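**Q** Here is my input, please return the structure:
(7 chains)
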Amino acid sequence: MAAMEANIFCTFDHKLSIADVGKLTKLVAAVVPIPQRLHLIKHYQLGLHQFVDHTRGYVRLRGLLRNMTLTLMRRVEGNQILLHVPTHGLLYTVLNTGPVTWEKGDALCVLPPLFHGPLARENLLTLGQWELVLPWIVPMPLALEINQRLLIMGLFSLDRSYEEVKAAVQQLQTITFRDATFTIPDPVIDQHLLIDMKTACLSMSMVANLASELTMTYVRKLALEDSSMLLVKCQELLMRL
Amino acid sequence: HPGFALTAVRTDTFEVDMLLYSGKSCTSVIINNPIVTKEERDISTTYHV
Amino acid sequence: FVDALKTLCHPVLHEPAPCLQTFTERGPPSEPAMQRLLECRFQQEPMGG
Amino acid sequence: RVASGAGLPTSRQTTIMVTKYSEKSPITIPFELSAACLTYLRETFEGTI
Amino acid sequence: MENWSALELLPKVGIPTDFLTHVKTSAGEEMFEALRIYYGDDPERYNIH
Amino acid sequence: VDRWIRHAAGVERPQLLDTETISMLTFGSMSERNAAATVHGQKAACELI
Amino acid sequence: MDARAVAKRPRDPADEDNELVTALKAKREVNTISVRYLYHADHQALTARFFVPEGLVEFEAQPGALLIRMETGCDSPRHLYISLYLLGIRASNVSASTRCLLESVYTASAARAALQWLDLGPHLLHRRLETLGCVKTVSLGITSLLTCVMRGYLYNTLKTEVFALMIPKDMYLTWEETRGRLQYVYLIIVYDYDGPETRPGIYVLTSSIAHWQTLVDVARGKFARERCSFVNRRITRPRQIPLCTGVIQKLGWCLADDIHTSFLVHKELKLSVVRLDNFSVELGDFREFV
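**A** Residues are numbered from 1 along each chain as shown, chains lettered A, B, ... in the order given. Have a look at this structure:
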């Protein structure tokens, strides 16, 4: 066949205001995925919007976003966009779409956006009932704790009264990474979390049947002999003795 | 015969010829010169125009 | 009717939980003329006496 | 607008404005050349029939 | 959106029109993308900021 | 009851791993082997109790 | 640093005469060797020569076949370079007819050593192997010196022909019903546990999936049987610490239109194998998983 293309041209169909083509000129070198990967793509397949559904689930997005072909936008103009498919190991600039500030040397991750809450960006590039959603690029630690929060929401959801789950989800969704707050957009328990519940409980239970007699006992051995701040809270999570 | 009745619907596809009509200078079609992008697949070079 | 058995017998034909949500969501009608239809009080009573 | 009669309300003139727009629709055609075809196209070996 | 006044001031070419259904119908049934009609004489054309 | 319904209506054991059901919830796999020999062509019908 | 100097287009090496020609033009000496044009000068493929004893050449004379090192104990034969086919005799996936078919083909002490060194170790198979890439340009002597690609396309010298990856048909598997425009090839060893020994079952699983998490999620689908048998052995035997139940390593990619059946032809022994045609090699690494 024709091999996978490095340069991909995107064409909009809806009439582009002189105001809005200027948003894409400021949107250059952004991380925009496509599922298709042909040479002359439609605008419909740009970005994450096509995967919005009535389910309104965040994990569906986290899961479908993993399969999409990440592309870096390039050489925007009237009538044309030129997405580039990056090659592994080669350098690229990356525009900072999200509010999160990027430390030097930090690794980055791609997760669907987490709206601030009270405020939203105006320059959505909505047109024809087609909004331009793009995935957030976040530092690795924030992308870790967003998933840890989501999984804890999924594990706590079962075996708990539905009113208790409201109180937990009301706080598990807000994240104060790097002094900014963020909120997961409609995190919902689903089948997509259910299979991960099964794999997490299975791996975490097979962990319990692999630690040696001394490996579990090390904390007891440590606290009975030496104490520090780290050990105080670990004495707490150990429930009783 | 049970109490209810059925009202099956059924779509049917017909292959067909179609006659378009369009007036003189109904549309202008502005064009530019075609451009030739090139890639190298170690084994071959595909170009697109 | 035997030919229809592959769809008359599917559970989604025989479970009204999806229908009850849409029926309860709208709720009682606001019209006064429907009101005579609205009110009847089924009340469980012990069989002792 | 035609002039109105006695006892009938008259017609105020009505300016109208409208706008047409262009629609974008480019095309693409790939042709590929095998590296064997390019290597003989430029490089020449011992010139042999 | 589309700026109107400068259309009512810029020398326009002039062309015999043709639309089935009196222009006001095709302005009323949204035949064209952008449109506006004013009945009297909008003094907005005279204002030049 | 499910065994006896599947054996009567003539469809049986459509069991797909949970990884595949999650994918079918979107993509909708083409889970129908075609006839050994179709002399007529595409077919369809629907059903409204 | 002049304004024109940044303005210059990048200069491709073919536009400049070869470095040997740049010396000979300066010093004018004329050797018998034809340094007018350098061969192998356009090769994104990276390669390595491996001496492989003549007992393992069979079914590798055809260009395109995995090379996998196999560490075994004894310091004298530090390693040994198994093909993918030679490893099929040990696999439980392979047909008994195919297994008894190709097992006759490896009737050499050098190859039988491989079965012995496979049986010898208690530790799991996936540990001992390290994939090296694919055969091309068999030296074909009393001791073949196989050229093996570490990265890039397999093809002839002069790019006159593209060697194709050959994967024996019993190992080849596809999860999906609608193939993507491009799809990655992964090699998958999967232990199914059993009393006397945990017998391995090899597979090669082309798929458009690239993400590791989604890939292993779909993999546990078919391998639920082996995974549950691993969990069952975990409780059946105390003080037994069996580890991972399949292992996946990214083997490269192919365009998924290239895939089609074929057969290898050797010693008048036809062998049905799937044939990825323009298979670029991009090695990964074994990734343990439950």
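
**Q** Doesn't residue A:16 lie inside a strand?
**A** No. Under DSSP: H, G, I helix; E, B strand; the rest coil, residue A:16 falls outside any strand and is assigned coil.

**Q** how many other residues sit next to it?
**A** Using other CB atoms under 10 Å in any protein chain shown, the number of residues around residue A:16 comes to 19. Backbone N, C-alpha and C define where each C-beta goes, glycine included.

**Q** Could you list the contact residues of chain A toward chain E?
**A** Contact residues (CB under 8 Å from any CB of the partner chain) of chain A with chain E: residue A:15.

**Q** got the residues of chain A near chain G?
**A** Neighbours of chain G within chain A, by CB under 8 Å from any CB: A:1, A:3-4, A:37, A:63, A:66-67, A:195, A:199, A:202-203, A:206, A:209-210.

**Q** can you pull out the helices in chain G?
**A** Taking DSSP state H to define them, one finds helices in chain G at G:3-7, G:19-27, G:84-88, G:96-105, G:109-120, G:125-128, G:212-222, G:224-236.

**Q** wait, does the longest one contact chain F?
**A** I take that to be helix G:224-236. Yes. Counting by CB under 8 Å from any CB, chain F has neighbours in helix G:224-236: residue G:224.

**Q** Can I get that helix as CSV, trimmed to CA atoms?
**A** Taking Å, rounded to 0.1, in the frame of the first residue of the first chain, the C-alpha atoms of helix G:224-236 are listed here in CSV:
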residue,chain,number,x,y,z
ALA,G,224,-7.8,-15.8,29.7
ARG,G,225,-7.4,-19.6,29.7
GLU,G,226,-3.6,-19.4,30.2
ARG,G,227,-4.0,-16.6,32.8
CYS,G,228,-6.5,-18.5,34.8
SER,G,229,-4.3,-21.6,34.6
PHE,G,230,-1.5,-19.5,36.0
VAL,G,231,-3.6,-18.2,38.8
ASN,G,232,-4.7,-21.8,39.5
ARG,G,233,-1.1,-23.0,39.6
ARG,G,234,-0.3,-20.1,41.9
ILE,G,235,-2.6,-21.5,44.6
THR,G,236,-2.2,-25.2,43.7
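
**Q** Could you tell me which residues make contact with the residue in chain G that chain F sits nearest to?
**A** Nearest residue of chain G to chain F: residue G:221, at 3.8 Å (CB to the nearest CB). Contact analysis of residue G:221 by CB atoms under 8 Å, 6 or more residues apart in numbering or on different chains lists F:17, F:18, F:19, F:20, G:175.

**Q** any idea which of those residues is the one closest to chain D?
**A** residue G:175 (29.6 Å).

**Q** about what we covered before: make a PyMOL selection of the buried ones in the residues of chain A next to chain G.
**A** Buried subset of the residues of chain A next to chain G, written as a PyMOL selection, criterion 16 or more other CB atoms under 10 Å in any protein chain shown:
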select buried, chain A and resi 3+4+37+63+66+195
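
**Q** Out of the helices of chain G, indicate the one that is most buried.
**A** Ranked by mean neighbour count, the helices of chain G are led by helix G:84-88 with a mean of 24 (mean count of other CB atoms under 10 Å in any protein chain shown).

**Q** What lies in contact with that one?
**A** With contacts defined as CB under 8 Å, 6+ apart, helix G:84-88 is touched by G:56, G:59-60, G:65-66, G:68, G:94, G:98-99, G:102, G:106, G:111, G:114, G:167-168, G:170-171, G:202, G:271.

**Q** Also near chain B: which of those residues, exactly?
**A** Checking the contacts of helix G:84-88 against chain B (CB under 8 Å from any CB), there are no matches.

**Q** and the one helix or strand residue B:47 maps to, C-alpha only, in CSV?
**A** According to DSSP states H and E, residue B:47 maps onto strand B:44-48. C-alpha atoms of strand B:44-48 as CSV (Å, rounded to 0.1, in the frame of the first residue of the first chain):
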residue,chain,number,x,y,z
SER,B,44,10.5,3.9,-2.9
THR,B,45,9.5,7.5,-3.3
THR,B,46,5.8,8.2,-3.5
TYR,B,47,4.9,11.7,-4.6
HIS,B,48,1.5,13.4,-4.3
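
**Q** Return the distance of it from the chain's centre.
**A** Distance, stretch centre to chain centre, for strand B:44-48: 25 Å (CA atoms, centre = their mean, to the nearest Å).

**Q** Next: stretch G:138-151.
**A** Relative to its chain's centre, stretch G:138-151 lies at 14 Å (CA atoms, centre = their mean).

**Q** for stretch A:93-108, same thing?
**A** In terms of CA atoms, centre = their mean, the centre of stretch A:93-108 is set 14 Å apart from its chain centre.
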